[PDB]
Novice: 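Structure in structure tokens, see below.
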Amino acid sequence: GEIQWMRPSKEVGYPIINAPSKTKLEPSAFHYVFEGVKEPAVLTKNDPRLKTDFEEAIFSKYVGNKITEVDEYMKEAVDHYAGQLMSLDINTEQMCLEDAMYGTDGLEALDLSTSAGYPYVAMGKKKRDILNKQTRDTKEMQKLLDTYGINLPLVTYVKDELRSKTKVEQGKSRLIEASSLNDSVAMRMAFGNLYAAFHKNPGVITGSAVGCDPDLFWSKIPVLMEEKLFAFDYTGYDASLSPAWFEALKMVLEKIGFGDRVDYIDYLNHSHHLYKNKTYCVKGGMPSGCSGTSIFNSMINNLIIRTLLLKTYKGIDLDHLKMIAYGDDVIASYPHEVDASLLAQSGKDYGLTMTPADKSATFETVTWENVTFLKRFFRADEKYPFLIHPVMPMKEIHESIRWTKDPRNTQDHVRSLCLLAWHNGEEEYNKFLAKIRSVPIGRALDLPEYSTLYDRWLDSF
Ligand SMILES: Nc1nc2c(ncn2[C@@H]2O[C@H](COP(=O)(O)OP(=O)(O)OP(=O)(O)O)[C@@H](O)[C@H]2O)c(=O)[nH]1
Ligand SMILES: [Mn+2]
Ligand SMILES: [Mn+2]
Ligand code: NA
Ligand code: NA
């Protein structure tokens, strides 16, 4: 990914976008009962915590575009993956505006909380209006489409969330590139069934984990994997993607019945952005808040791992490559061991920064004991080993519980954390419940006891 030009949104007829200069995160009722070292991310250039230029920092994610063309390896990777997806017998038809808007089996309805994007964001109108759950009114969107059309600029916000002190001092705040409701609806219409198919099929055939339910899914993973596991995480995956990776993505879509509308992928690739008062153009880079980002990122990652394997191990059998990705995150396996460090090297040649899975110092052998996927570990239940526990470290939960945006969501926020936490064991869960209940706020919450959770889990399979 690389920014081509950036300039004043007025110099080209665009309204200045407003971004709340103050975080919505404040210490929670449990801020002192639990340990944590993360704070809200820098939202403005002035933030006192800054030890470098904010503007330069937030855009440095665009490290450039390393590759230029789609080579032989990529082309083969494309073929092989497109081959697997072919076996899913995906419905290539377009999705009727209604479904694209209010959902249908395999695709949830549009999220009402997130931005409506340009022009609506500097024009006032929200999603609350245009949509209507029980009505299912295509008419308003329908009207708004013909009026403003598609392929509309992306409104870029700074994401309000917790970040390490380092990433606070270096302005490493993550950005949210929001797509207009129009684009989002169009793409959902174009790719609606693709999304459905993926959501309904997490695993090694889609090589996607998007839509998955960790509580159930973690038990199916080990079975799907090969003997030898390998994994690594990327640094700035989204922003590092070069145009060629999008082209390869279109080749896959094309090969499975969507050559029809691969044009959309073009706007994800070469895109128009609005940040504050400035406007810019980016060549490459996957926009973080578009409809499909998550999934297309996983598809591309399926192309990347294959490519690096064909390039590094001529003669490798992709048919025995068993991997599952969730965006930049990935868990993979092969009948034979492979050199992650070496694959990481080929990665640089393709514009990808790959590093030892989970900030490890160096690349170590990946095992079922140390492997993580979505920050979660894999732990077979003591009483029924054939059931695997997705295990989120407590540190993560602790960090999350020490803050809050809306006091009205404290019940749901803690409840949610409880559903992640209990997998760390009964003893751990109770210590956790104990502290939550060591202050008025906690004592008033409706939290589930271990036994209730563990039994419910057991019956869910
Ligand atoms: N910008 C952005 N990235 C997002 C968002 N949601 C998920 N991500 C992902 O988060 C990544 C950036 O996260 P970071 O923690 O800044 O960087 P990282 O490369 O994963 O970690 P490091 O190796 O320590 O630098 C992107 O590459 C995406 O894969 C979002 O809303 N905005
Ligand atoms: Mn990462
Ligand atoms: Mn990740
Ligand atoms: Na882009
Ligand atoms: Na690249």
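Just so you know, residue 1 is the first one in the sequence shown, and it goes up from there. Order of listing sets the numbers, starting from 1, for every ligand and every atom in it.
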Novice: Can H389 and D215 be counted as having a side-chain donor-acceptor contact under 3.5 angstrom?
Specialist: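 No, no side-chain donor-acceptor pair sits under 3.5 Å.
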
Novice: Who's the nearest protein heavy-atom neighbour of atom 1 (N) of ligand 1, and how far?
Specialist: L175 O, 2.8 Å

Novice: Given salt bridge (charged side-chain N to carboxylate O under 4.0 Å, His left out), test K165 with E39 step by step and report yes or no.
Specialist: CA-CA 7 Å; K165 183 64 180 178; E39 310 160 52; 3.5 Å; yes

Novice: With a cut-off of 4.0 Å, which atoms of ligand 1 are near a heavy atom of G236?
Specialist: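 The atoms of ligand 1 under 4.0 Å from a heavy atom of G236 are 19 (O), 27 (O).
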
Novice: In the structure I gave you, are the side-chain heavy atoms of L85 and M299 within less than 4.5 Å of one another anywhere?
Specialist: yes

Novice: Please verify whether a non-hydrogen atom of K359 lies at under 4.0 Å from ligand 1.
Specialist: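 Per 4.0 Å heavy-atom rule, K359 contacts ligand 1.
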
Novice: What atoms of ligand 1 come within less than 4.0 Å of a heavy atom belonging to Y237?
Specialist: 27 (O)

Novice: To check your reading of the site, what angle at the Na ion (ligand 5) do OG of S242 and O of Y350 form, to 10°?
Specialist: 120°

Novice: Short list, please: which atoms of ligand 1 are under 4.0 Å from a heavy atom of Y234?
Specialist: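 Reading through ligand 1 atom by atom, the close ones are 18 (P), 19 (O), 20 (O).
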
Novice: For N18 and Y157, does a side-chain donor sit closer than 3.5 Å to a side-chain acceptor?
Specialist: no

Novice: Tell me, which protein residue and heavy-atom name are nearest atom 29 (O) of ligand 1, and how many Å apart are they?
Specialist: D238 OD1, 2.7 Å

Novice: Could you tell me the residue and atom name of the protein heavy atom closest to atom 23 (O) of ligand 1, and the distance to it rounded to 0.1 Å?
Specialist: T235 OG1, 2.8 Å

Novice: Closer than 4.0 angstrom: is that true for some heavy atom of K167 and an atom of ligand 1?
Specialist: yes

Novice: Testing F59, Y280, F54 one by one against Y275 for a ring pair (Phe, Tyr, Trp, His ring centres under 6.0 Å), which residue passes?
Specialist: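 Exactly one candidate clears the test, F59.
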
Novice: Check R163 against ligand 1 and report side chain, backbone, both or neither, counting heavy atoms closer than 4.0 Å.
Specialist: side chain

Novice: How close does the nearest protein non-hydrogen atom get to atom 8 (N) of ligand 1, and which residue and atom is it?
Specialist: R174 NH1, 3.7 Å

Novice: Taking 4.0 angstrom as the limit and counting only heavy atoms of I176, give me the atoms of ligand 1 inside it, by number and element.
Specialist: 31 (O)

Novice: Any ion pair linking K45 and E55 (charged N to carboxylate O, less than 4.0 Å)?
Specialist: no

Novice: Work out the angle at the Na ion (ligand 4) between O of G285 and O of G284, rounded to 10°.
Specialist: 70°

Novice: Checking the side chain of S9 only, and the main-chain atoms of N277 only, is there a donor and an acceptor separated by less than 3.5 Å?
Specialist: yes

Novice: If the test is ring pair (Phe, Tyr, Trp, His ring centres under 6.0 Å), which one of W218, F377, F378 qualifies with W368?
Specialist: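 It is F378; the other options fail the test.
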
Novice: Within ligand 1, which atoms have a heavy atom of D328 less than 4.0 Å away?
Specialist: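 In order of number, 29 (O).
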
Novice: Could you tell me if any non-hydrogen atom of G327 lies under 4.0 Å from any atom of ligand 1?
Specialist: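 No.
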
